[PDB]
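We begin with a single chain expressed as structure tokens, specifically the form deposited in one PDB entry.
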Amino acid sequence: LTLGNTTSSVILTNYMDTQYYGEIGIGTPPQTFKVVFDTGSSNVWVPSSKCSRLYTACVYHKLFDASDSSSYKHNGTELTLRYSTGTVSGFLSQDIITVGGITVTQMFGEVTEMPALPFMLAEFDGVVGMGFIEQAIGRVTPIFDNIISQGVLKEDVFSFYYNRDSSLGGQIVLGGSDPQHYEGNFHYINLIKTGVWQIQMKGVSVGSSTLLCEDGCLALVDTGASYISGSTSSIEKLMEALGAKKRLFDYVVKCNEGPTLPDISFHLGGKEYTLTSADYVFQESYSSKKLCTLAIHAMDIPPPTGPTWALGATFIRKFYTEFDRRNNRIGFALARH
């Protein structure tokens, strides 16, 4: 029973400003997993005990042991995800998942097949998709949908705070926002359509001049992405405008110049969201002989979602983000650290 004022929160660990994860329990008694909570996908994945020790990504992560949960219920429906370095596959199962003290009976994918890269470099063990049912593999009801159907949470919204690496690493609130991690007020932008946390963008400004995305473009708000990302060509333009020169997959500046780079502005719902140099350069060193990388990368996202920009941890660290299902909209407020 609720009296209409209940929320719950999940505390996150920050790994290298690139991976932000919380812990959830699966089964009875609970088996614990480190998971990334990801607004750009809608399925729950964890590695299965039936994953072969010939898969290097399985060898060094927590595996889910179905035989040890009294509440597990067999399903077996094969599941497939194309990933750009190979195919990940596994089977469907059902059990009880515990998140922020809430218990939910949930379908999830047990992974039995995984490329070694990039998955062996994950600090976390799995993924909890916070996207819409419309994009769920095998159309299974996502975890937040199940949570809502309980009618326990104050509002049909969840929010994300991501800290700079140092101190709380981040926090997800289910059913509200935490006024301690943001300042001032929320502005909201409506979603282009239901089924994806994607909004319209009206311009990207270096300095005081709109250098990109006039005539508009799309922005995916992806809590699971490490960086702000754009199309190859867009990023070329932005980088050649910054003095940044291409390494292998990175763009680099001289660590002494970094602190004098220009602001980048994102124009979203008639408000300008500005990142300064301190927000987008990894300043490992303030030295004239060293090379510093930028938290902005190139990426070309396939249809139907793309071509699109993606506003990942780099953008979220600056702006506390509220994801509003009741009104199909996203709100931003300046985060406080």
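Rigid core (definition): largest C-alpha set, two forms, superposition within 1.5 Å. In this text, residue numbers run from 1 along the sequence as written.
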Counting only other entries that model residues on either side of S167, is it left out in at least a third?
yes
Could you tell me whether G4 lacks coordinates in at least a third of the other compared entries whose models cover its neighbours on both sides?
yes
Unmodelled deposited residues between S166 and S167, binned:
4 to 9
Which of 109-117 and 243-251 has higher mean CA B factor, as the PDB entry lists it
243-251
Going by the mean C-alpha B-factor recorded in the entry, which is higher: 30-38 or 49-57?
49-57
Taking the Cα B-factors listed in the entry, which of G76, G170, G101, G175 comes out highest?
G76
Just to confirm, going by the entry's C-alpha B-factors, which of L212, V127, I143, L191 comes out highest?
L212
Cα B factor band for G216 (lowest, middle or highest third within the chain):
highest
If you rank the chain by CA B-factor, which third does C292 end up in: lowest, middle or highest?
highest
Entry-reported C-alpha B-factor of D156 relative to its chain, by third, is lowest
Cα B factor band for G195 (lowest, middle or highest third within the chain)
middle
Entry-reported C-alpha B-factor of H187 relative to its chain, by third, is lowest
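In what follows, reference is made to the form deposited in another entry, a form of this protein that is not presented.
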Against the rigid core, a Cα displacement of 2 Å or more between this form and the one not shown applies to just one of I96, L218, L191, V88. Which?
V88
